[PDB]
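Comments concern the structure below.
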Amino acid sequence: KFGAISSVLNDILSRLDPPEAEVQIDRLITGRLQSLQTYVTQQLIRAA
Amino acid sequence: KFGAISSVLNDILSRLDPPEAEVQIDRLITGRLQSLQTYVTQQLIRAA
Amino acid sequence: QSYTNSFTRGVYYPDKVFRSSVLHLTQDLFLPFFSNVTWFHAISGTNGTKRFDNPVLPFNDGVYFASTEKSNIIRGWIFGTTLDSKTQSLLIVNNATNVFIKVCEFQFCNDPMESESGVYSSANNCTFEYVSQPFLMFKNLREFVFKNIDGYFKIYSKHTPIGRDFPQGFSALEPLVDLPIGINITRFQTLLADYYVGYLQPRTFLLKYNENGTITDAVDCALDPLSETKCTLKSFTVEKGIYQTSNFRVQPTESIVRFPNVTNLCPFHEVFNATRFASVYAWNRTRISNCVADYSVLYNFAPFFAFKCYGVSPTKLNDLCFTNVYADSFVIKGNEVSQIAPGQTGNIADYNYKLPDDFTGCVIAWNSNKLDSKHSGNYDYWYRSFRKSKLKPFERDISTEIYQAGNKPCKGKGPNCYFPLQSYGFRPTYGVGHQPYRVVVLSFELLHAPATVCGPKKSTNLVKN
Amino acid sequence: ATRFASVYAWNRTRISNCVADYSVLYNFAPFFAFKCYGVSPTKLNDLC
Amino acid sequence: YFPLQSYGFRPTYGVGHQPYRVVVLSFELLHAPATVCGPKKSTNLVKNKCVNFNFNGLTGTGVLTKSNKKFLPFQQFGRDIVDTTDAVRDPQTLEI
Amino acid sequence: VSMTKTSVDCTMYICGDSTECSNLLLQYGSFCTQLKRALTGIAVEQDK
Ligand SMILES: *[C@@H]1O[C@H](CO)[C@@H](O[C@@H]2O[C@H](CO)[C@@H](O)[C@H](O)[C@H]2NC(C)=O)[C@H](O)[C@H]1NC(C)=O
Ligand SMILES: *[C@@H]1O[C@H](CO)[C@@H](O)[C@H](O)[C@H]1NC(C)=O
Ligand SMILES: *[C@@H]1O[C@H](CO)[C@@H](O)[C@H](O)[C@H]1NC(C)=O
Ligand SMILES: *[C@@H]1O[C@H](CO)[C@@H](O)[C@H](O)[C@H]1NC(C)=O
Ligand SMILES: *[C@@H]1O[C@H](CO)[C@@H](O)[C@H](O)[C@H]1NC(C)=O
Ligand SMILES: *[C@@H]1O[C@H](CO)[C@@H](O)[C@H](O)[C@H]1NC(C)=O
């Protein structure tokens, strides 16, 4: 969840009005983006 | 502090009730996650 | 006819920023390349329907206009919603020497031979007027783009020497005017004393600027895979090889909605419309299950002092399913409504009814003065003013022990002790802060759908594969 | 206090070398507002 | 009783009676973009020096010099290949 | 000699089948593009 009310985006959009969905979605975007950057960094190190 | 009122978790928990203490703690967690991730990434490069 | 290829037409400068010898990739509302453009020579060309009628066209996000006329037969446009003087609308009419743009409540115009025309009919409650903004606005193609962004009405235009209908070529439309109209534009109409209309959609384009800031070419990133590749690389030249572009997905074709056979409605009527309500001390918890969670009755029943939902911000509660639903019903003072929320304190939040700090549900406060007040005072409501400790979330403490104020045992009431239950009468003469209010808290536990308290939706047939 | 100062001349009372108990604050009145910054109410019965 | 009697036009001297002109301003501040706002003072143009600047809402710090770029009639400022502002049109003289 | 080659679509991973989330993700700039380039470079390196 990374601090969000739910890990599923469809539950955030179906449960919350846009002005709150943007906050919960932003928290999930931050968590997933950090996960991809971590993955890519380890793949670059392993690639080297 | 990474934006928190205090860098000490015991002070945040002592001063605030959970509804805001969790927010201040989440900021300290985020900052320390970035610190540890940077440390480990550089240690992996240095280890290589 | 009534459709046309359009080619590479309708590109406009998306902003007012000068760029030199760069390719700028931007997302904005544009007419897609090779999209269908409606040709109105049929239906409303020549005389057409003039003097009797004329259909009104939709305005979806923004529009592209074009004409090859040099007679100035086409004179103007109306933008708005009702377009009958009920609401505001914007009317732009050209003249030989000036331009008259007005936004007012317009009823109709004289313009839906031609010795005199355009005297208009009637108008009132006018808001803004603009005069001769651009002063004026072998054939000449006259392209216009009309876009409405956050209350600003943006007009772009270009004149191209033309006798071909949309000849192949490229020319960008420079901005002409930007008006703070501030209205809603859902429909528009043309005014006659040949005409093409395209509609804009949100798209990404790669725009090529020359050294003098003029857009000379463009790539529509969704026209074909080569254009998408060019946009991915931000170049009009693509080297030999394989490039990775956006992923593809198969889209759904239909919506599948499946709910149980339950058609019973949840008994919100009986709890909320009860003739007698519980006190805060003995607050009443009723479990809601095996029913349809139809909340339309709640909005139809009465206006409320407060309808604040925590964890589910919308009033559109009919689209969710619940796993554990409780209705906690009690009567409070108006000045205590603000205390019934997570994180609040006071005699009610602390000793009679407390919510968890992760509470999900709705707090509905209704003014009930006409039912609960009495001339002598309604003493059937009794808050526990004094308690030894703070109440736990959703705890019901119905102890009747007399509270002792410290060390002294003080059995009985008086010298150093109080009976914890304190009566306060409600009377029609009290102000809004003291008058009785009925508050019901609907506690909604949302953990997928093990159990059904689903709202008033219909089931469809199951489709597999 | 019988009299409160005007807003152009706020009255600043220093409190020191004392102990505090905040149940008295609830006893003084129903309140229009009781908003705390940097500390939550009911946590003031620790060192404040 | 009629509102049409003359009441206070006659001097009828007293502090109470002397007429006063009263004008009130609503300051509606509706949602639609405001078209009314006070005049924004300008200051003389300084070139070839490191200055702070605000050109019609575009702010920054830099050295302003005469430019050889040719902006289109509607363009107010320019940006380089990385979308950082590098040229402005002076709102009073239209010099680039 | 070689590593398993992968390609990750940033938008689907972070904001799968979510238009509002994708629109929010667009406000973080080129990060998705940088990760796409990094994974493409790794894939090419493994074939090299
Ligand atoms: C308003 O702007 C105009 C130009 O947009 C200014 O006109 C020029 O001002 C300079 C210096 O004052 C003169 O040397 C030019 O001859 C003027 N041009 C014309 C065509 O008259 C004008 O001065 C500005 N007004 C104010 C009060 O700043
Ligand atoms: C546009 O429509 C919305 C519908 O809710 C309304 O709230 C808004 O005031 C309208 N704006 C106008 C007519 O300028
Ligand atoms: C740009 O403007 C200059 C002005 O002298 C002109 O010489 C040049 O040919 C122009 N280039 C284009 C592509 O319009
Ligand atoms: C519901 O409220 C109405 C008054 O609005 C009342 O006449 C009716 O009897 C009530 N029904 C029940 C079941 O309490
Ligand atoms: C609570 O509401 C239910 C609804 O049927 C009712 O039967 C019950 O008697 C009520 N209890 C109190 C204490 O009001
Ligand atoms: C402020 O409060 C103190 C309390 O001791 C009092 O002595 C002082 O006179 C007060 N000042 C004003 C201006 O009210």
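Chain lettering (A, B, ...) mirrors the order of the structure tokens, residue numbering begins at 1 for each chain separately, and ligand numbering begins at 1 in order of display.
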- Test item, strand (DSSP E) assignment across range 370-438 of chain C, answer as a PyMOL selection string: chain C and resi 382-384+403-404+417-418+421-423+436-438
Mind dumping the selected residues with C-alpha atoms as an mmCIF file, in the first residue's frame?
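Everything below was put into selection-v1.cif:
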data_model
loop_
_atom_site.group_PDB
_atom_site.id
_atom_site.type_symbol
_atom_site.label_atom_id
_atom_site.label_comp_id
_atom_site.auth_asym_id
_atom_site.auth_seq_id
_atom_site.Cartn_x
_atom_site.Cartn_y
_atom_site.Cartn_z
ATOM 1 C CA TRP C 382 -28.450 11.555 29.435
ATOM 2 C CA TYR C 383 -24.785 12.026 28.578
ATOM 3 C CA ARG C 384 -22.239 10.634 31.029
ATOM 4 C CA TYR C 403 -18.416 7.665 40.614
ATOM 5 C CA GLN C 404 -16.219 8.611 43.589
ATOM 6 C CA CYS C 417 -19.055 12.098 44.358
ATOM 7 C CA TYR C 418 -21.507 12.346 41.474
ATOM 8 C CA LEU C 421 -25.412 10.258 34.325
ATOM 9 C CA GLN C 422 -26.328 13.950 33.954
ATOM 10 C CA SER C 423 -29.675 14.973 32.472
ATOM 11 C CA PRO C 436 -31.193 18.226 19.815
ATOM 12 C CA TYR C 437 -29.713 16.594 16.719
ATOM 13 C CA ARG C 438 -29.972 12.961 15.686
#
- Message: Which residues are close to residue 34 in chain B, i.e. within 10 Å by only C-alpha atoms, leaving aside same-chain residues fewer than 6 positions away? Reply as number ranges by chain.
- Response: A: 34; B: 28, 40
Would you put the residues from that selection into a file with C-alpha atoms, as a PDB file, in the first residue's frame?
ATOM      1  CA  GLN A  34      10.730   3.588  -6.454  1.00  0.00           C
TER       2      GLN A  34
ATOM      3  CA  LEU B  28      11.081   9.809   8.565  1.00  0.00           C
ATOM      4  CA  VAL B  40      23.525  -0.084  -0.432  1.00  0.00           C
TER       5      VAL B  40
END
- Message: I'd like to know which of C:344, C:71, C:47, C:251 is closest to chain F, using only C-alpha atoms.
- Response: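 Nearest candidate to chain F out of C:344, C:71, C:47, C:251: C:251.
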- For chain A, which residues have at least one atom within 9 Å of chain B, if we go by only C-alpha atoms? Write them as a list in words, please.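 Therefore, the residues near the partner are residues 3, 38, 41, 42, 45 and 48 of chain A.
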- Message: What are the residues of chain E lining chain C at 7 Å or less? Count only C-alpha atoms, and put the answer as a PyMOL selection string.
- Response: chain E and resi 32-33+70-72+74-81
- Item | Neighbour list for residue 1 in chain A as number ranges by chain, cut-off 9 Å, only C-alpha atoms, skip fewer than 3 positions in-chain | A: 4-8, 27-28, 31
